[PDB]
Amino acid sequence: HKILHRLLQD
Amino acid sequence: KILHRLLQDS
Amino acid sequence: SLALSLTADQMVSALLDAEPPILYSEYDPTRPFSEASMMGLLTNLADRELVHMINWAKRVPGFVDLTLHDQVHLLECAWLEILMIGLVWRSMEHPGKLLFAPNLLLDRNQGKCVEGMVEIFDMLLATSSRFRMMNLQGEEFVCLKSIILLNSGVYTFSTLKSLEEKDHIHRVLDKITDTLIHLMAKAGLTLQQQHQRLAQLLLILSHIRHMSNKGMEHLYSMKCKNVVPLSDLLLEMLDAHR
Amino acid sequence: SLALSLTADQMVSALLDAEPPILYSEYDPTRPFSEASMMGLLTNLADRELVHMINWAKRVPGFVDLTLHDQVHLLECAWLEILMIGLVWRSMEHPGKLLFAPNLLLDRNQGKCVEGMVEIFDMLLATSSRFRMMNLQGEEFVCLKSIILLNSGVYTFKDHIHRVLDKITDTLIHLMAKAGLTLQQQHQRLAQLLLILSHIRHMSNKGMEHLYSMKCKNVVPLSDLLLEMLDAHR
Ligand SMILES: O=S1(=O)CC(c2ccc(O)cc2)=C(c2ccc(O)cc2)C1
Ligand SMILES: O=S1(=O)CC(c2ccc(O)cc2)=C(c2ccc(O)cc2)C1
């Protein structure tokens with residue numbers, strides 16, 4: 001669930 | 011078809 | 021037909037009168053459970069509930085007007101949804117527990133005795149916790165259960181007369197919608213509170229469909245594994261969902 | 263919260279403004295389709311659509327108010343439902359066909375080129391004919407899509423999500439009242455729309471297991487983002 005973390009924070 | 015039989019019970 | 025001329029209070033009474041009974045299980049509290057024994061009780065219980073559900077479905081207003089092959093299709097697609105919402109309903113006043121039968125009331129820790137069961141267990145518990153928080157009424161329960169029967173299979177039905185029978189299903193569904201709104205108005209809910217609660221109830225059917233799909237895979241996992249013996253009717257309903 | 267404050271017209275305009283764009287398929291395997299080439303086109307398309315969906319979700323009123331873990335849970339549970347209802351919506355004025363992209367319009371015969379695909383294809387086409395039969399409006403469509411995002415994962419945990427869900431109900435009723443529908447026609451259409459979400463969830467579950475098969479069959483390599491979203495349903 002780590003890629004979804006990055007895209008949600010940009 | 012057991013379901014068809016149970017549905018067609020008179 | 022019969023369902024179209026039926027009034028709201030008459031819709032409620034017909035559904036309330038057609039309710040299946042609550043069945044007991046062969047559970048003996050003297051002996052501890054195992055995966056095979058626990059899953060044997062639940063399979064035996066659902067198989068007997070299935071028989072009562074089929075005859076309950078015959079009493080839902082509008083279901084008799086459909087063809088036998090359409091009646092089979094709706095039950096083949098909705099049977100586990102209907103078992104689950106009934107389980108959730110009778111478990112409503114037992115927080116943290118699922119009342120499978122009056123002599124079978126289980127914790128989520130006991131559901132761990134069966135592989136993958138605890139996931140579906142938590143989903144069933146959360147739905148029952150949702151019914152409690154909403155203080156779901158029995159008049160609303162029978163409406164939702166009939167909606168599941170008519171709705172869950174209607175989008176997998178090309179005659180114009182096929183359309184005529186399908187438009188009949190949407191006609192009954194619209195009537196049950198009017199009946200739910202009729203109930204909420206009598207309880208003193210404003211027009212805004214009526215649409216909001218109607219939305220909340222129907223959005224739960226999305227989760228019930230999800231539980232049924234996840235439950236359908238779990239039962240198919242044990243048909244091939246042959247961990248617990250499945251009845252002839254349950255194996256037949258399982259092959260409908262492939 | 264910031265989503266409970268604005269009005270229904272303001273809610274609709276905020277959702278319409280956040281609509282993701284329509285992406286094009288890759289023109290590279292534009293020849294007739296095998297099982298691997300078609301699955302490669304849809305995997306690539308869905309992967310790029312996922313990126314826009316994650317940014318569309320951040321523009322959904324009340325979604326940013328949630329914690330990051332809660333945002334992750336809702337998107338993990340709903341992503342294929344959201345992709346599907348979008349595909350169904352843009353395929354509306356193309357009866358009998360599914361518009362995956364403007365340069366990728368398929369019918370059910372082409373769906374048979376992939377194993378187990380035609381079943382999901384027919385459920386998708388059935389959803390599109392239902393929206394057409396109901397004459398689904400774009401303002402209604404964006405409301406259903408936001409409902410899917412907030413609702414599909416809420417019972418796997420909260421009180422704030424239901425308040426925003428009630429807000430979209432108020433917004434849906436507001437739209438139907440503008441269209442001139444009577445009170446009885448308003449809560450019947452509300453019910454009809456929300457019952458479709460049950461079928462869209464069914465398609466997502468059937469799609470989820472179908473994408474898991476071809477992961478193991480390894481017909482096409484999946485992107486890391488798609489793998490992480492698929493693993494959340496296991
Ligand atoms: O998903 S379950 O664990 C819950 C459940 C169930 C639900 C309601 C019942 O009356 C009986 C059983 C299940 C069931 C189990 C076996 C079966 O053949 C049908 C349903 C499975
Ligand atoms: O269930 S599907 O057949 C439909 C679908 C899809 C749905 C909508 C899209 O915009 C893009 C793809 C699918 C998709 C396909 C490949 C993939 O990697 C992810 C989703 C699968």
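Protein chains in written order, with the numbering used here: chain A, 1 to 10; chain B, 11 to 20; chain C, 21 to 262; chain D, 263 to 496. For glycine and all other residues, C-beta sits at the position ideal for the given N, C-alpha and C.
Three-state secondary structure (DSSP) at D:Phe-362?
strand
For D:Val-313, go through chain A and note every residue whose CB falls closer than 9 Å to its CB, in chain order.
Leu-7
Using only alpha-carbon positions, find the residue among C:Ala-207, C:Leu-211, C:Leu-144 that is nearest to C:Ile-228.
C:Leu-144
For ligand 1, is there any heavy atom lying closer than 8 Å to the beta carbon of C:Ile-228?
no
Tell me whether the beta-carbon of C:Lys-243 lies closer than 9 Å to the beta-carbon of C:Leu-258.
yes
Can you look up C:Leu-26 in the DSSP assignment and give me helix, strand or coil?
coil
For chain D, check one thing: does any of its Cβ atoms lie closer than 9 Å to the Cβ of C:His-238?
no
In angstroms with no decimal places, state the Cα-to-Cα distance between C:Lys-78 and C:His-93.
13 Å
Applying a beta-carbon distance threshold of less than 7 Å, which residues of chain C neighbour D:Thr-431?
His-215, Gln-216, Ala-219
Near ligand 2, which residues have their beta-carbon closer than 7 Å to a heavy atom?
D:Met-301, D:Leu-304, D:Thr-305, D:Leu-307, D:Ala-308, D:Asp-309, D:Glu-311, D:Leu-342, D:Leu-345, D:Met-346, D:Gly-348, D:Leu-349, D:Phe-362, D:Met-379, D:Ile-382, D:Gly-469, D:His-472, D:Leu-473, D:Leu-484, D:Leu-488
Is C:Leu-144 a contact residue of ligand 3, with contact defined as CB to any heavy atom under 8 Å?
Absence of ligand 3 from the depicted structure is noted, with ligand 1 and ligand 2 being the only ligands included.
Mind checking D:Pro-323: buried by the 16 CB within 10 Å criterion, or exposed?
buried
C:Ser-57: which of C:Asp-29, C:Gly-131, C:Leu-225 sits nearest, CA to CA?
C:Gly-131
For D:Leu-367, the residue or residues it bridges with in DSSP:
D:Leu-361
Applying the 10 Å Cβ sphere with the 16-neighbour rule, what's the burial state of C:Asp-90?
buried
Which of the residues in the segment 141-159 of chain C, read from start to end, lie with their CB under 9 Å from any CB of chain D?
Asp-142, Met-143, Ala-146, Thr-147, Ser-149, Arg-150
Strictly under 9 Å for the Cβ-Cβ distance: is C:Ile-74 near chain B by that measure?
yes
For D:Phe-393, which residues from the same chain have a beta carbon less than 6 Å from its beta carbon, with the 5 sequence-adjacent residues on both sides left out?
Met-354
If we count Cβ pairs, one from each stretch, closer than 8 Å, do we get three or more for the segment 232-241 of chain C versus the segment 442-459 of chain D?
no
On the three-state DSSP scale, how would you describe C:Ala-38?
coil
Chain A within 9 Å of D:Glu-338, Cβ atoms only
yes
For D:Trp-351 and D:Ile-284, I'd like the C-alpha separation in whole angstroms.
11 Å
What are the start and end residues of each continuous alpha helix (DSSP H) run of 4 or more residues lying completely inside the segment 437-491 of chain D, in chain order?
445-479
Any beta carbon of chain B sitting closer than 9 Å to that of C:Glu-101?
no
Just verifying my parser: in three-state terms, what is the DSSP assignment at D:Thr-305?
helix
Residue-level contact to chain A via CB, D:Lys-420, 9 Å cutoff:
no
Would you mind telling me which residues of chain B sit closer than 8 Å to C:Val-92, beta carbon to beta carbon, in chain order?
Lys-11, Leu-13, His-14, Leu-17
In three-state terms, what does DSSP make of B:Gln-18?
coil
N-terminal and C-terminal residue of the alpha helix (DSSP H) that C:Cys-97 is part of:
88-110
Residues near C:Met-154 in its chain [Cβ-Cβ closer than 7 Å; skip 5 each side]:
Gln-220
Between the C-alpha atoms of C:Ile-189 and D:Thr-444, what's the straight-line distance to the nearest angstrom?
22 Å
Which residues bound the alpha helix (DSSP H) around D:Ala-388?
379-396
Is there a Cβ from chain B that is less than 9 Å from the Cβ of C:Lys-165?
no
Can you list, in chain order, the residues of the segment 278-306 of chain D whose Cβ is nearer than 9 Å to any Cβ on chain A?
none
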